[PDB]
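The data below hold one chain only, encoded as structure tokens and taken in the form deposited in one PDB entry.
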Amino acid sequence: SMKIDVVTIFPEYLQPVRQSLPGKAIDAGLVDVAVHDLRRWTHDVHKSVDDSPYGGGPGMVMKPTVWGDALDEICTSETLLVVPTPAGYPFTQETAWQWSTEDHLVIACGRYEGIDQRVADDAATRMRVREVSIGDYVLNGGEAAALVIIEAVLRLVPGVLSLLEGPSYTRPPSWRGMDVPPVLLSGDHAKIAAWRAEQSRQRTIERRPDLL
């Protein structure tokens, strides 16, 4: 089984991924995704989750006292705490494979300038913590990144959900003046494999020369 807890000030953001879980996987106890409103752990009548940054500058920083309480309740010694942030280590397919065998992921979704660093520092003294970035761009908060991480990980858990791949084709054989490459209809499967390899090579050269 894998349990995923997501903590966010926008719990509705995560509701469609919850529903996208096949019933057969839930009934089999293979997966459970739970979403938690961070404001459940606020201390004041205004339900404050952020405050101005020490050292000045623009934006707001999320409060350590609120996050500390939330993680204290939700995390255990076995938890892998995932913190999506544009300042993180890169989240890659290798990461997704590694995390796919975890028993318990907690994903802490921050907003804007981030979560007070002492939250991660404190958590790391009693569980594993991973701050990660899903790409070289900035979003307004961690929620969309959490969706990407949840999907990339869970599709690698049985029954739950190099070079670039080249182009794919299906019927009809001719469409708006363009024919499917005849080699694909040749029945020469060694040649097809070689053709696909060359298409992959060319596409990787053009789009992702970093991979070579």
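By rigid core we mean the largest C-alpha set that fits within 1.5 Å across both forms. Residues carry their position along the shown sequence, with the first being 1.
Beyond the structure shown, there is the form deposited in another entry, which is absent from this document and is the topic of what follows.
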item	value
Sole residue of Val49, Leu147, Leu30, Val35 shifting 2 angstroms or more in CA between the shown form and the other one, core aligned	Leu30
Rigid core superposition, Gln202 Cα moves 2 angstroms or more between the shown form and the other one	no
Shift of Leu21 between the shown form and the other one at or above 2 Å (CA, core fit)	yes
Cα separation of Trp41 and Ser20 in the other form versus here, shift of 3 Å or more	farther
Inter-Cα distance between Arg155 and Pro22 in the other form, nearer or further [3 Å or more]	closer
